[PDB]
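1. An experimental structure, sequence included, is below.
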Amino acid sequence: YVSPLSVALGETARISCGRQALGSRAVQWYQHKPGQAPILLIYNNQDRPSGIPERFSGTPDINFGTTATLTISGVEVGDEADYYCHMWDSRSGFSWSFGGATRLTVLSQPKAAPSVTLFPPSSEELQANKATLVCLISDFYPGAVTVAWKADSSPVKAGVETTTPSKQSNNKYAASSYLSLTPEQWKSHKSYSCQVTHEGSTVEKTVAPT
Amino acid sequence: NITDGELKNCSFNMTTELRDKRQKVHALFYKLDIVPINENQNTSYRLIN
Amino acid sequence: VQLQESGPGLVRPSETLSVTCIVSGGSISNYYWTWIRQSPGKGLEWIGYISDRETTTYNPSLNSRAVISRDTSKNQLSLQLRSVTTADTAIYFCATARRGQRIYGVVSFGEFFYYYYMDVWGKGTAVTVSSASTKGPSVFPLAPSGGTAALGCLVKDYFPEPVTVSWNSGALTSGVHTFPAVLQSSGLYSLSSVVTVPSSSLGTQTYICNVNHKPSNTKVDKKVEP
Amino acid sequence: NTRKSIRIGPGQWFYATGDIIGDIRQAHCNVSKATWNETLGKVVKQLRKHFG
Ligand SMILES: *[C@@H]1O[C@H](CO)[C@@H](O[C@@H]2O[C@H](CO)[C@@H](O[C@@H]3O[C@H](CO[C@H]4O[C@H](CO[C@H]5O[C@H](CO)[C@@H](O)[C@H](O)[C@@H]5O)[C@@H](O)[C@H](O[C@H]5O[C@H](CO)[C@@H](O)[C@H](O)[C@@H]5O)[C@@H]4O)[C@@H](O)[C@H](O)[C@@H]3O)[C@H](O)[C@H]2NC(C)=O)[C@H](O)[C@H]1NC(C)=O
Ligand SMILES: *[C@@H]1O[C@H](CO)[C@@H](O)[C@H](O)[C@H]1NC(C)=O
Ligand SMILES: *[C@@H]1O[C@H](CO)[C@@H](O)[C@H](O)[C@H]1NC(C)=O
Ligand SMILES: *[C@@H]1O[C@H](CO)[C@@H](O)[C@H](O)[C@H]1NC(C)=O
Ligand SMILES: *[C@@H]1O[C@H](CO)[C@@H](O)[C@H](O)[C@H]1NC(C)=O
């Protein structure tokens, strides 16, 4: 259902509706950010409610053979979301489908360096016969990040749980790495290290039992 | 796809440029120029004339 | 107007589903109310809508499994999806529907059609369909150099999502970052929420992480200290 | 309307109705009510010359 759309930082972007109207139409447009509520961009082909900046526009229905198109001009990193096209024409009837989504991706964003923070297993966790190392990566772009764990000088392969990259409220991606161990394996090695790799750069923090 | 028409869609088998060859074509007709063939009733029709 | 949903969170398949939507900012017997959902890996699926005459109209793709009703005694909107399976795991939104009349000719000839557009939405509620029971997380304080230090709480092993993490109610607002959860191989979720705290404030100011795992439901208070 | 020409014989071309492009709207005629009522009144004045 996802329609990939590659655009740059604030260029001219044309979002064409997947369905073409068979007659007089009344197109609705919705902006949906992952994890948020849908936002009504354009209703009745071209009208927009208050609160919508003068960036989103629709194509009017003047009987011309013009396809419905969502006209977003000058996208920011805050417009990177999915877009649905709700088509209503006199010939299709009651349309229950919002159709496929056009997932907008904004490129040309300045490269950001990941801020890594590593935490050792808590003391209340050791007494519960558990041990987990939490490695928090955030404030980086693009989302391509490779996280690796190493015990002393040997790379750990099992027990690593890593999340998928996802942007946050600052329009930058954030990830998390969880290395679950045992109280006897945590105190076995002298030191552990969370090593991440972003855009070829390699940064790393280190914890040790104390 | 309208719920609750003056024209019907009528598909039929028609003769071609060749005699042995027959084609199936679709054409729109008005309800006033077409009456049902069975009134029993199905959805089979014929021309009024 | 304002809308907010409340849901049990997780129920076993092949029984009965019931969610509620509390309206705010207008009359409930005054508008057309609809429900929208969105499953992981799927788009927005329209469920149905109810009129001001308390007449309903459901999406035929749900196979008549949905029922919407109004309750003016409490100004609440209700949706029941009845017997569902794992494919109905979605985020259910309640919204306001305005009916527009698109005219393209003579009114007497019915040369017009109605269309519904949703202008006001709610934040949605997370619903998961599994055969296991809920599990409460046992969180642990992550004890805390550039002038600031890292201060977080390790919300470990819970099911299902989500978890709302607050710090000192309204006192700590920035920089408080709650990282997204991780789906472990055992089917348990875990997240972490760190706060950037100056070094001089440690030992003088107190900090607590309010963990809200409403679908479980759980609450673990932890006073993080170095 | 659109013209859908389908050959039904050597040189015989039957022109049928193709799919209507746009909206389905039945035909109608508009007559000014102010003019028709006025004209109709001028008629009944001459009808009363033959019916009382
Ligand atoms: C024989 O006579 C017939 C009967 O008069 C005639 O049939 C008429 O045909 C015309 C042309 O096809 C149709 O007009 C059509 O109207 C639609 C709808 O647009 C209309 O919108 C408003 C009403 O909506 C308002 O309220 C809602 C909320 O309820 C708002 O959301 C909305 O935004 C509006 O605010 C209506 O007032 C408009 O009329 C004004 O504006 C126009 C544009 O400026 C002016 O030209 C007009 O004089 C007036 O100031 C507007 O009509 C439109 O989308 C279509 O494009 C089309 O224009 C008539 O509906 C239809 N019936 C009647 C009763 O008029 C036949 O055409 C005529 N001839 C034949 C051969 O049959
Ligand atoms: C199809 O057209 C006939 C002709 O009048 C009508 O009676 C019938 O209701 C139409 N079909 C449906 C499903 O309405
Ligand atoms: C056309 O011929 C085929 C084969 O005999 C038959 O199945 C079909 O019903 C015919 N169609 C019409 C409209 O007569
Ligand atoms: C018919 O169309 C003409 C176009 O010039 C217009 O002047 C006239 O008022 C119309 N009359 C009616 C009855 O629609
Ligand atoms: C016709 O004209 C007469 C005279 O003014 C008036 O009383 C009557 O109401 C009119 N009727 C219509 C249908 O316009």
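-> Looks like it came in fine. Numbers count the residues shown, from 1 in each chain, chains lettered A, B, ... in the order given. Ligands and ions are numbered 1, 2, ... in the order given.

2. okay, CA-based contacts and neighbour counts for the rest of this
-> Noted.

3. roughly how far apart are the residue in chain A positioned nearest to ligand 3 and residue D:21?
-> Ligand 3 sits closest to residue A:91 of chain A, with a gap of 25.5 Å, by CA to the nearest ligand atom. From residue A:91 across to residue D:21, the span is 10 Å (CA to CA, to the nearest Å).

4. before we move on, back to that, let me see the contact set for the residue of chain A closest to ligand 3.
-> Residues near residue A:91 by CA atoms under 8 Å, 6 or more residues apart in numbering or on different chains: A:22, A:23, B:1, B:2, D:23.

5. which residues sit against stretch A:177-189?
-> Residues outside stretch A:177-189 that contact it (CA under 8 Å, 6+ apart) are A:126, A:129-136, A:147, A:149, A:151-152, A:159-163, A:209.

6. PyMOL command to pick out the buried ones of those?
-> Selection of the buried residues among those in PyMOL, burial being defined by 16 or more other CA atoms under 10 Å in any protein chain shown:
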select buried, chain A and resi 130+131+132+133+134+135+136+147+149+151+160+161+162+163
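
7. So which of the contacts of stretch A:177-189 are in strands?
-> Taking DSSP state E, the ones among the contacts of stretch A:177-189 that sit in strands are A:131, A:132, A:133, A:134, A:135, A:136, A:147, A:149, A:151, A:160, A:161, A:162.

8. Where do the strands of chain D begin and end?
-> D:3-9, D:12-17.

9. Distance to chain A and mean neighbour count for these - can I get that in JSON lines?
-> Formatted as JSON lines, the strands of chain D follow (distance: least, CA to the nearest CA, whole Å; neighbours: other CA atoms under 10 Å in any protein chain shown):
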{"stretch": "strand D:3-9", "distance to chain A": "18", "mean neighbour count": "15"}
{"stretch": "strand D:12-17", "distance to chain A": "17", "mean neighbour count": "14"}
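
10. out of those strands, which comes closest to residue C:44?
-> Taking CA to CA, strand D:12-17 is the member of the strands of chain D nearest to residue C:44, at 39.0 Å.

11. Quick one: residues contacting residue A:30.
-> Residues near residue A:30 by CA under 8 Å, 6+ apart: A:38, A:39, A:40, A:41, A:42, A:83, A:84, A:85.

12. Excluding sequence neighbours, find me the nearest residue to the third one.
-> Read it as residue A:40. Nearest-residue entry for residue A:40: residue A:30, 4.8 Å, with adjacent residues in sequence omitted and distances by CA to CA, 6 or more residues apart in numbering or on different chains.

13. Paired strands for the helix or strand containing the one you found, with orientation please.
-> Using DSSP states H and E, residue A:30 falls within strand A:28-32. Strand pairing for strand A:28-32, using DSSP bridges, gives strand A:39-42 (antiparallel), strand A:82-86 (antiparallel).

14. looking at those strands, which is buried most?
-> Comparing the strands paired with strand A:28-32 by mean neighbour count (mean count of other CA atoms under 10 Å in any protein chain shown), strand A:82-86 ranks first with a mean of 25.

15. out of the strands of chain D, which comes closest to residue C:118?
-> Comparison of the strands of chain D against residue C:118 by CA to CA identifies strand D:12-17 as nearest, at 39.5 Å.

16. so who does residue 47 touch?
-> The chain I'm using is chain A. Residue A:47 neighbours (CA under 8 Å, 6+ apart): residue A:58.

17. wrong chain, I was asking about chain C
-> The contact partners of residue C:47, by CA under 8 Å, 6+ apart, come to C:34, C:35, C:36, C:37, C:58, C:59, C:62, C:66.

18. Assign it to helix, strand or coil.
-> The three-state assignment at residue C:47 reads strand, by DSSP: H, G, I helix; E, B strand; the rest coil.

19. Give me the nearest residue to the residue of chain B found nearest chain C, chain neighbours excluded.
-> Nearest to chain C, among the residues of chain B, is residue B:2, at 10.6 Å (CA to the nearest CA). Excluding the flanking residues, the one nearest residue B:2 by CA to CA, 6+ apart is residue A:93, at 6.7 Å.
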